[PDB]
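Take a look at the structure tokens below, where one protein chain is shown in two forms, each on its own, as structure 1 and structure 2.
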Structure 1
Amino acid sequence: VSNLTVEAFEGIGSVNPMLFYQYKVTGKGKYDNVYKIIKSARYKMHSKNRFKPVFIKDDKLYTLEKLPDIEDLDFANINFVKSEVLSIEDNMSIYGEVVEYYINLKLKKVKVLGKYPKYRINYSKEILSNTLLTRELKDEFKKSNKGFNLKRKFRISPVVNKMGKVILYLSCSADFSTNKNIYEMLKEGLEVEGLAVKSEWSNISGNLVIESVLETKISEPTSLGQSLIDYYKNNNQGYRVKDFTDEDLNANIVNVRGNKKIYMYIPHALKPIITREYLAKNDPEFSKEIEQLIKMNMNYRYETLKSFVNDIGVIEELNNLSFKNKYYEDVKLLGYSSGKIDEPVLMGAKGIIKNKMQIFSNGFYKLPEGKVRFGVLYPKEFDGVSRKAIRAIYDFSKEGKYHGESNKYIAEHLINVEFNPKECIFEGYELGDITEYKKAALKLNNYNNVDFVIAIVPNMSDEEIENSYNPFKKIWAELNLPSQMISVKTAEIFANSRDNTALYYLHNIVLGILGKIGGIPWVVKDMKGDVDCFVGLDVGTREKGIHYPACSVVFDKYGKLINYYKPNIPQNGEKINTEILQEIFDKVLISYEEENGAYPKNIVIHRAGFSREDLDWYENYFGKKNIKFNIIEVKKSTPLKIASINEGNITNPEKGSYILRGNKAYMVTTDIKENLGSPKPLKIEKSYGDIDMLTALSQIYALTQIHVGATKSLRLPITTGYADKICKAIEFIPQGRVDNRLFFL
């Protein structure tokens, strides 16, 4: 079969134990906690010792050769203690830091083209490479002609076993930067009005946007009583303004909004942020050029990390440590266990389907009851476009028709739609002011001949005249009428296109219309393992000090939604309080009792991220009710990527392919072919449970393959995925009594 591996390189040769020099930090300042200063003390005494290696075990610093203990620092009185030879088996992290330091020190000495420093080292886990390995396996710089710079960003994280052998886990990424700040942009005469900027001179994390470009020079005395050059010389920062020429002093003051007040910052400091939007807006030839370099399949990631490890070479400071240039043949040698999960078979109307595409030729599993009356808002410029769009939607849904042609892929009467254009309402709304949009939606609900809305909003792009999605969905949220919004572009593709691209869009629209009115298109034949209900959980942070309420979806064992609950109070942080947990799981058990007459004997809780809560509360609440339960953390953001092997040819893994060790497991949920990127697998780990992980992974991969919003599978299981979508549609909840209508989809 196709064995699996991760982005890891076995180190030939082992790390011998080294002579360490142990240091001591005490809280000399007005504080006394060494733990609030210990990493900063490491950084300061590391940089002040010509970047010689400085380590951290819990309070004891370590160096590899002799450094004088420093009393010059105001906050930390670092002192020598002893010299010793620490064993590996108690100090895994320290020897890992040793290996990644010596990798950083070998990669500073590596030059490309004989002239240029290849890797930008800051002696950390991150190694920026100034040049990239291309698809054609040639080290070439990628700079735009507008100075935009692409850099291949590496994160090393080596692991040393108890014996001393080294396993180097790599992860490669891209980076956007530029060598041109606002000073060279105004020297080029470019307009920076309204750009977001990142001031390179301060570590202040925040989003700064330019207000204007003042006519005042940076050397002239400003509104603060002094010039900005004098302002930086007063702040012990005259070194930044020391090398300024007269032409540098002719610079225009660029005032910048800084989330509390208009700052006045000089343009030699402010590098413009390189968003993907910014690359697309300013150099779209370069921006579309690098989609083969940013999005990487497993073969090109293996080639990039192969070039990286060949750049490392032998490390003579660790007993001639040299890494292999190949991945592992199998992760059983790494301690993982691998496999492919069987595909979850689905049910439609008249039986099993061999993919998600056959269901419009088969019919949906659970119809809703009763007629649904379309009633559509449309912008007044886009009349015939909207009419042809709803014509295509009604042809697909009710009449089984496509372009006026009956089609063998589609059965008649998919949804019992009562839409007659002679009797329906096509309310037209002026694009413009927001209260006109809200009055337009209330004007559509001023009639009783509508049960569903297919309102045409303008595009979510095109920042001009105001979008209608948010006011429409807020009003239809208050009125409890479900609605499937369509952008103008999709309406124009329904009107104008003659290909099956409109068939794809119409598939996803009709699945949305079905899911919003309570229908269920397809269900699982048999879920694997002993389970009665799946419960999702997620708490998302929208902005600073914001937390989305702990939205929890509840599924049955066949995967259809039972109940979702949003607590009306916002909670403190992404740990859930026990009051909110009690309310959520009371809704869980009462909803499953309402649909099936008993408490569920087995719960699998998928928590999106960290299950930070009291496990004792869960033990209490499901021990007083005799419920076995499982908490399986589904985690999205993971730098680990999974590969495949067929006679050594590294390629992207199939959907449903996984790796497993103990109580954590990574699983590829989506089939992405080459020239589109790598599969970004989930991190799935069990914080508490008594089920084996093969069952929990089969359950999660089954809850990925039953996303009822699209003909293609969701990466997330729809437990955490639908919790995430309720967190996105957090202001769009239907006001009236909570149903199984998947409004958020």
Structure 2
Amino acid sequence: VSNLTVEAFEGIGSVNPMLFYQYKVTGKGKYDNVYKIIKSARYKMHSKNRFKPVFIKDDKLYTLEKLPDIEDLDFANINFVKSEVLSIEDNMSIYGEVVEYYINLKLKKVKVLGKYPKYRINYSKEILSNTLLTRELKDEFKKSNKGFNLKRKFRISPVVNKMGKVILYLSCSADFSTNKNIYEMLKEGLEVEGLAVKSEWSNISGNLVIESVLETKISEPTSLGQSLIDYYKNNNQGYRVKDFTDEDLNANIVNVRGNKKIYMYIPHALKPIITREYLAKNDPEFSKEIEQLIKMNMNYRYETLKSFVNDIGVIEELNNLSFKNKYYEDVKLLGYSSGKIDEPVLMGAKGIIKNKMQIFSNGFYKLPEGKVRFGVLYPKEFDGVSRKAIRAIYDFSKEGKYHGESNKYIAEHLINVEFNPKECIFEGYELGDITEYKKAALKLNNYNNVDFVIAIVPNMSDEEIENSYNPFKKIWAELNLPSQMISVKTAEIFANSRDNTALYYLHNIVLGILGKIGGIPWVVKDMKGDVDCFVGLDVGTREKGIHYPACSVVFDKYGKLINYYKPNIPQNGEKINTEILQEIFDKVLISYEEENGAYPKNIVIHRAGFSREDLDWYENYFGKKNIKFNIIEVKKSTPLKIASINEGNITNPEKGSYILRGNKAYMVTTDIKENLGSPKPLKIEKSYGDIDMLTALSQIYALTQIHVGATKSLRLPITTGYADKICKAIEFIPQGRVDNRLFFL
């Protein structure tokens, strides 16, 4: 079979315990403690003397070689204390920082094509290689004709163990930069407005974006208080203001919004964050070229890391520190335990389905009792194309026929819909202001003959006249009428095309079409392990000071959605209170008693982004009600990636394979073939439980495979994934009361 590994290179040799220098910082300046400026004074001292290292442990600063004791620094003066050999087995993070520093210092001295150093390094974990590595193993600069440049931000993070071995964890991440500035684009007259720009001089954190431009030169005193070049002289930045010439004295001021105030900077400073928005809108053939190189299978970034640690080579400063260029054989050598989870059995109306497409051909497992009466919004210029699209979706859902022709791959009466084209409601709406969208949605929903909305919206692209998607979704979720929507690209795909590449669109339309009205398309025949329900939670933190409240959901040992419940009382901060948990678990016991007449004997509580506190509430609250319970936290977005070795030639891993260490389980849930990227796996953590992670991850993978609004599987499990969707869609959900119909799908 195909085993799995992880982006790790074992350092050949051993890190020996070396002679360091204990430094202490004296509280000279206005700062009371030396803790909050130990990073600041750290990189100041590092900037002092030929870029020599300095490391941070809570009170003792370590340097490897004897720096001369300087006290000329204005806020802080430091003091040498003693010099001794520090033990590696007590100092893990310190010698890890030593190894990352020395591989930085060895990669600085490497040049490619003679003049050009390969890696621009600021002595951190981010090693930006100026020179790419391509598909055909050519380490070549790839620049655009328009000034764009791809680079690949290596992320080292080596850790050392108690014996002395250092393991270099890596992460390829192709980043985006340009040699141009916004002044150079002003020289060819490119429009600077609408540009997410990044100050490489001021390292403030904020979405800096261009405000405007008037005609004042930079050699004139402005609203900052003076001529800004004098403040560049004032900010200990003479080496960057000494350079620019008399034509650059004719630079025109371009101001920038750093999300709290205006900033008046020179345009020779500011460089645009050239996102894929920018690469597409300004040179799209460059984007079509580079998606072979930023969407990247395991073979390609393994080739890159092979080149990377081939370029590191060996370091004699750490006693023959060399790195292997091959991955591991298995993660058992690293500490985890691999394995593959078998696929879940899925059933529909007449029992088992072979694959996730057969449910249209045989029938759905859980239909809601009643009839689903459609109603369609569409653009007024796009009448007949929408007519053919709605005729296609209704013929598919009711009559089992596709563009009139009946076909054996689709069962009849798949959803009990009631849609008569001579009798039902069509409302053409013109693409205009958003209040026209509001009056169109209420002019549909005033008539109580509709149970489901199919709006035809414009595409997610197409900046001119914009989406009617989000105000429609807000109104149809607030009016308690679920809606599945169509971008008009898909409408002419239904009308004009004559092949199955509108039928696949139609498959995901029908799965969403039954998910929105509370039906469940398929379930498991059995969820592994003794279990009666699932509980998924999440909290959201989009910006600073914003804590989205909790959202709960319940499933069963079939995994059908019984209920998703929003708690009523608002929380306090990131970590939630106890009354929210009280009402959530009282209501989840009420809902499971409502749907099965008994209490749960097992409960697997899935969880997104909580800490291990509040667990005593779970302990006493389920000791009073004496159900054995399980709490498993699902970690959504990890920088950790996953590989798969086929006889030394390594590629993407198949879906359903996990790697596990105790309570730490990484698992890839999705299948991605090559030239499309590499699958970004999950991370699974158990805070309290009596179950092994085998049946836990089997539940995890089965609830990846029961996404109820698409033919292909979701990456997240649908407990924490659907709770995460509701925590995204916090204003779509009705507040405080129970519901079955999935709005977000």
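Counting starts at 1 with the first residue of structure 1 and goes up one by one along its sequence. Throughout, rigid core stands for the largest set of C-alpha atoms superposing within 1.5 Å between the two forms.
- Among the candidates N319, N675, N420, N459, the CA atom that moves 2 angstroms or more between structures 1 and 2 after core superposition belongs to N459 alone.
- When the rigid core is held fixed, the Cα atom of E574 travels 2 angstroms or more between structures 1 and 2.
- Relative to the superposed rigid core, the position of the CA of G709 differs between structures 1 and 2 by less than 2 Å.
- The Cα position of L479 differs by 2 Å or more between structures 1 and 2 after fitting on the rigid core.
- Its Cα shifted by 0.6 Å between structures 1 and 2, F364 is reported here after superposition on the rigid core.
- Here the two forms are laid over each other by their core, and the C-alpha of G736 is off by 10.6 Å between structures 1 and 2.
- Comparison between structures 1 and 2 places the CA of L186 1.1 angstrom away from its other position, after core fitting.
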